Each structure stands twice: as structure tokens, then as C-alpha cells.
Amino acid sequence: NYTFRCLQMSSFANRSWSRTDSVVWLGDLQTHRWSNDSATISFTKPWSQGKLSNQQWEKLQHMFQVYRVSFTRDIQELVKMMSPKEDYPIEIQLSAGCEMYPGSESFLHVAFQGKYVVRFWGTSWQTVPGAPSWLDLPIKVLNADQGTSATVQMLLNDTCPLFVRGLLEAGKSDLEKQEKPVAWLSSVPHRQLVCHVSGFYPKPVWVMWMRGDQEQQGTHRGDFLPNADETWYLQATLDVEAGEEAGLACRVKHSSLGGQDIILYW
Amino acid sequence: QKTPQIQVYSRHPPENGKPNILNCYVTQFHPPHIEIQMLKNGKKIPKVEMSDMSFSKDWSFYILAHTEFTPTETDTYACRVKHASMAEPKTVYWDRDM
Ligand SMILES: *[C@@H]1O[C@H](CO[C@@H]2O[C@@H](C)[C@@H](O)[C@@H](O)[C@@H]2O)[C@@H](O[C@@H]2O[C@H](CO)[C@@H](O[C@@H]3O[C@H](CO[C@H]4O[C@H](CO)[C@@H](O)[C@H](O)[C@@H]4O)[C@@H](O)[C@H](O[C@H]4O[C@H](CO)[C@@H](O)[C@H](O)[C@@H]4O)[C@@H]3O)[C@H](O)[C@H]2NC(C)=O)[C@H](O)[C@H]1NC(C)=O
Ligand SMILES: CCCCCCCC(=O)N[C@@H](CO[C@H]1O[C@H](CO)[C@H](O)[C@H](O)[C@H]1O)[C@H](O)[C@H](O)CCCC(=O)Nc1ccc(CCCCC)cc1
Ligand SMILES: CCCCCCCCCCCCCCCC(=O)O
Ligand SMILES: *[C@@H]1O[C@H](CO)[C@@H](O)[C@H](O)[C@H]1NC(C)=O
Ligand SMILES: *[C@@H]1O[C@H](CO)[C@@H](O)[C@H](O)[C@H]1NC(C)=O
Numbered sequence: 713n714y715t716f717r718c719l720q721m722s723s724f725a726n727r728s729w730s731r732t733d734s735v736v737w738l739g740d741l742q743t744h745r746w747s748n749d750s751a752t753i754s755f756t757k758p759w760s761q762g763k764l765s766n767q768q769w770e771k772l773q774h775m776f777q778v779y780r781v782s783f784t785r786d787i788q789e790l791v792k793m794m795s796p797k798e799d800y801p802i803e804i805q806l807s808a809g810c811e812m813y814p815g816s817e818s819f820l821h822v823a824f825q826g827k828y829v830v831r832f833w834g835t836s837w838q839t840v841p842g843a844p845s846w847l848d849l850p851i852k853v854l855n856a857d858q859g860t861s862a863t864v865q866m867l868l869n870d871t872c873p874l875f876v877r878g879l880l881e882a883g884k885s886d887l888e889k890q891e892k893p894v895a896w897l898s899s900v901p902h903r904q905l906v907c908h909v910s911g912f913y914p915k916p917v918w919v920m921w922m923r924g925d926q927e928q929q930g931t932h933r934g935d936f937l938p939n940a941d942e943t944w945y946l947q948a949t950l951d952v953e954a955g956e957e958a959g960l961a962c963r964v965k966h967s968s969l970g971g972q973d974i975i976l977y978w
Numbered sequence: 008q009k010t011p012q013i014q015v016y017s018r019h020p021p022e023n024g025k026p027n028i029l030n031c032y033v034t035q036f037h038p039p040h041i042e043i044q045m046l047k048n049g050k051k052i053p054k055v056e057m058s059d060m061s062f063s064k065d066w067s068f069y070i071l072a073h074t075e076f077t078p079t080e081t082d083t084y085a086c087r088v089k090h091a092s093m094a095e096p097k098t099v100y101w102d103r104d105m
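In order, the protein sequences belong to chains X and F.
Count along the first sequence starting at 1, add 712, and that's the number in our numbering.
Count along the second sequence starting at 1, add 7, and that's the number in our numbering.
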């Protein structure tokens, strides 16, 4: 189940300053970047164009170039109209794309000042329950733009899953890459033993403190942290009594290891 | 509005005298404007690379900074973050194990 996410972040500091930057993810791998400074969408993989021809890509890109300017103008005009009741600074975030299932669903969510306020769903834009009531009229007005509604419906319902199926084909060797974890043990000089596991890909992993074959259910798994080389970092900690560290080991199972687990004895 | 959380950890097992990569992962902040430095013995490290800023399902922003480093037992390393949510910059020292 791959989720394709286009993430747009727009900061409007005052009437004279704003920027919009985007990043695009297929699962946990970045496929695109679109800096405010750049006219064109940048590829972060050799396969970021999917199976689209250069001409098909330039058309899609062109649509987004027009959108980015229109969106920026629209927000600036809206703030002028609402002044002084709604005023700068303003953060708007969009999360849009599609989740690919075997044998898809799409989404477009919008947040204002860090809170989810608006989505596109079905054939229209809608404010979500609890969103500020001042958004209702601008959304009603946007909903009167049939051409925009038809374009968004196409992008979500059709363009997204098609583009993504091409990405999955074109990027298969990267998407299915296996990178092996390296592990190491530590503690501060009752103790907390820490098993560090770094450099694994893909994300699914099993890390457990063991005494022989017995899993120590006291094992607390940390958050998955990214390394800068598209691999993952995780630590698992165990609180133990002093003198009771002998016989403990950290065991790591991962798809890349071919059934040969890492076992590190304290 | 939301205060950044800072985690500092190495790419490879930290072994004294061996080149490695130190990561500073900054998360759970809003607004997105932020200043991130990595420090060696309290002084700013020049070549620090940054990921593109992105955001999570909950809309909070995150970003990864990293730099080459060679741990020794005469050097400290840290990550220092300035953000509007905090009166003063927040510094988290590498705990020497992570
Ligand atoms: C794109 O796909 C849309 C559906 O997919 C969802 O939204 C997109 C954006 C993605 O996020 C995707 O992942 C989502 O799952 C699709 O939207 C659908 O459009 C049709 C019409 O084009 C709508 O049908 C009309 O439904 C209303 C009733 O709606 C309510 O009840 C239903 C359940 O019964 C709920 O699901 C809704 O949420 C509402 O609560 C009918 O009143 C209406 O009947 C009238 O119109 C028809 C002609 O259309 C006449 O024949 C009749 O006589 C009536 O006068 C329609 O049947 C459907 O509601 C809507 N789905 C949703 C969830 O809103 C969109 O059309 C796609 N566009 C393209 C270009 O592919
Ligand atoms: C991922 C979003 C993709 C949106 C694609 C929109 C397509 C587009 O560019 N629409 C603009 C162009 O409109 C004209 O040209 C079209 C042909 O290209 C059609 O013919 C159309 O009929 C015609 O009018 C149009 O200007 C849109 O208004 C762009 C901005 C749309 C938008 O996203 N507005 C928006 C969204 C959310 C919100 C609320 C959140 C912010 C809360 C403060 C407010 C406004
Ligand atoms: C927004 C829904 C996209 C669905 C269609 C897939 C189109 C491929 C998009 C390539 C990356 C574009 C990234 C910039 C988008 C943005 O402004 O957020
Ligand atoms: C607008 O915001 C930018 C970015 O914060 C700032 O540098 C600039 O001084 C502001 N301009 C005005 C006219 O207030
Ligand atoms: C962002 O890009 C737009 C379009 O080129 C430009 O007008 C604007 O000044 C840029 N903003 C910043 C802060 O650089």
C-alpha cells in the first residue's frame, strides 16, 4: 500500500512577501521537490517522471505552474478582502495525492495556521466541521469555478493513480531496495541498556532485548528516525537491575538479512 | 505555536577516530521558519546539509540536518535550534551513544 503525497507549504509573511515550496513522497522516498525559487519541478530520483513522455510531463508541470501563481494571487486577494479581521502572517499547507491498493483512493486536505480546515471531496471543495466560518463564502465562490472543479476531479480520480502506477514501474529497483541494519549497544555509566539499529531499508523491522530465547517484554521501542541516505534508525531500550546485564542480548530481524539475524550480546 | 523536538544520533556506530555522520532531526514545530545549527565544542560547524522541509500527518513540520563528524573523547557535538515558540535557542548535546 503505497501512498503518494504532494505536500505544499505556503508562508505569507505580509502583503509583499510570500513563498510556496513543495515536496513529493512515494511512501517514505522523496520523488520531487519544487522550490519557490524554481520555475520547474525538480526530480529527486532518475525515475521521477514515471512513464510520462517529456511532452506529457511539461503539460502537467504547466498546470502546476499556473496553479502556483493563481493560488498565491487568490490568497493575497482574500486577505485584502478580509482585512483587518484576518491578517498576516499566514501558513497554508496542502496534502494531496493517492493511496494505491492492490486490485486506489485520493485525497486533498488543506490546513490554515496548522489546523485542517478544507478538503476536496466528490465534486466540490468543503470546509470541515469546526473550521472558521469566514471560510464558507470563499469556498462557495471557489465551488462556482466548474473548470477548476473538473481539473481537480481529473487530477485526483485519474491523473494521480495513473502517474503513480508509472512511478511504481519506473522506480521498482529503488522501491524494492534492501539495506542492512548495523547495530550497537550502549548505556550510561538500575540501568537503561540501549540497542541502536541504523541503516535499514525498508522500514519494517523487529528489535528486541532477549535473555536466551526469551523476549524481554520490558523492551521499549523508540521512534523511527530518518538517516540522510534513505535508511532508517531505531533504538530499543530495556530498564534492568544492576548486575543483571549479563546474559542479555539485542536481536534484530530485518528483510535484508536473509534470515541471518543480528545478535549482540551485552 | 508548536515547540521543536530535537534528536541527535549517528549514522554508524560511534567509534573514536573513525569518520561518521551526525544527524539532527527536528520535529513537531509550527510555524515552519526555523534556524538549525550543529556545533562542535560549542562552535558552529560550517558544511551542515539540510533535507527539504516537510510535514507530518498532524501538519507539524520536520527537517533533518546532518554533518560529517569524527567522534573522539576530546570533542562535544550538539544541535542548536532557534524558533519563535522559544524565548532562547534550545541546544541538545549528542549523548555520545546515539
Ligand atoms: C471523482 O470521484 C468522486 C468520488 O470519489 C471521492 O471523491 C474524490 C475527490 C476522491 O477523493 C475519491 O477518493 C473519493 O472517494 C466523484 O464524486 C461523486 O460524484 C457523483 C456525481 O458525479 C455524486 O453523485 C451524486 O450523489 C448525490 C448524493 O450524494 C450524497 O449521498 C451519497 C450516498 O448516497 C454520498 O456518498 C455523498 O457524500 C452525499 O452525502 C445525488 O443526489 C446525485 O444525484 C443527482 O444527480 C444525478 C447525476 O449526477 C442524477 O442522475 C440524479 O437524478 C440526481 O439529480 C448524484 O448521484 C457523488 O455524490 C460524488 N461522491 C461523493 C463521495 O461526493 C466525482 O464525480 C468523480 N469525478 C470525475 C470527473 O471522475
Ligand atoms: C493541488 C491543487 C490543484 C488545484 C488545481 C487548480 C487548477 C487551477 O489552476 N485553477 C485556477 C485556474 O482557473 C482558471 O483556469 C482553468 C483553466 O486552467 C479553468 O478554465 C478555470 O475555470 C478558470 O477559472 C484558479 O484560479 C483556482 O482558483 C486556483 C486556486 C484554486 C485553489 O486551490 N484555491 C483555494 C484552495 C483552498 C482555499 C482555502 C484554504 C486557504 C484558507 C485560508 C482557498 C483557495
Ligand atoms: C495534487 C494531486 C496530484 C495528483 C496528480 C499527480 C501529479 C504529479 C505531481 C508531480 C509533483 C507536483 C508537486 C507540486 C504539487 C504542489 O504544488 O503541491
Ligand atoms: C515582510 O516579511 C519579510 C519576511 O519576514 C520581512 O523580511 C520584511 O521585512 C517584511 N516586509 C515588510 C514591508 O514589512
Ligand atoms: C517566491 O516566488 C515568487 C514567484 O517567482 C516570487 O515572486 C517571490 O518573491 C518568491 N518569494 C520569496 C520569499 O523569495
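All C-beta atoms in this analysis are idealised placements derived from N, C-alpha and C, irrespective of residue type, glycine included.
{"Check": "Do residue 733/X and ligand 2 come close, with the Cβ less than 7 Å from some heavy atom?", "Outcome": "no"}
{"Check": "How about residue 75/F: is its C-beta nearer than 8 Å to some C-beta of chain X?", "Outcome": "no"}
{"Check": "With a threshold of 7 Å (Cβ to nearest heavy atom), would residue 23/F be considered close to ligand 4?", "Outcome": "no"}
{"Check": "Taking residue 938/X as the query, report the chain F residues whose CB atoms sit under 7 Å from its CB, ordered along the chain.", "Outcome": "32 and 71"}
{"Check": "DSSP three-state label for residue 882/X, please.", "Outcome": "helix"}
{"Check": "Which value, in whole angstroms, describes the spacing of the CA atoms of residue 816/X and residue 772/X?", "Outcome": "20 Å"}
{"Check": "Three-state secondary structure (DSSP) at residue 873/X?", "Outcome": "helix"}
{"Check": "Using Cβ-Cβ distances below 7 Å, what residues of the stretch 890–902 of chain X are close to chain F?", "Outcome": "894, 896 and 898"}
{"Check": "Ignoring anything shorter than 4 residues or poking outside the stretch 21–54 of chain F, list the alpha helix (DSSP H) runs there in chain order.", "Outcome": "none"}
{"Check": "Along the chain, where does the alpha helix (DSSP H) containing residue 780/X start, and where does it finish?", "Outcome": "766–794"}
{"Check": "Considering Cα atoms alone, identify which of 888/X, 939/X, 935/X and 908/X is closest to residue 967/X.", "Outcome": "888/X"}
{"Check": "Could you give the distance in angstroms between the alpha-carbon of residue 874/X and the alpha-carbon of residue 927/X?", "Outcome": "45 Å"}
{"Check": "Compare the beta carbon distance of residue 812/X and residue 714/X with 8 Å and say whether it is the shorter of the two.", "Outcome": "yes"}
{"Check": "Taking the alpha-carbon positions, what's the residue 717/X to residue 809/X distance?", "Outcome": "5 Å"}
{"Check": "Can you list, in chain order, every residue whose CB sits closer than 6 Å to a heavy atom of ligand 4?", "Outcome": "725/X, 726/X, 728/X and 729/X"}
{"Check": "Would you say the beta carbon of residue 860/X comes nearer than 7 Å to a heavy atom of ligand 2?", "Outcome": "yes"}
{"Check": "Does any C-beta atom of chain X lie closer than 8 Å to the C-beta of residue 93/F?", "Outcome": "no"}
{"Check": "Going by DSSP in three states, residue 834/X sits in which element: helix, strand or coil?", "Outcome": "coil"}
{"Check": "Would residue 101/F count as contacting chain X if we go by Cβ distances under 8 Å?", "Outcome": "no"}
{"Check": "Quick check: is the beta carbon of residue 84/F nearer than 8 Å to any beta carbon in chain X?", "Outcome": "no"}
{"Check": "Does DSSP classify residue 918/X as helix, strand or coil?", "Outcome": "strand"}
{"Check": "Can you tell me the Cα-Cα spacing of residue 101/F and residue 85/F, whole angstroms?", "Outcome": "5 Å"}
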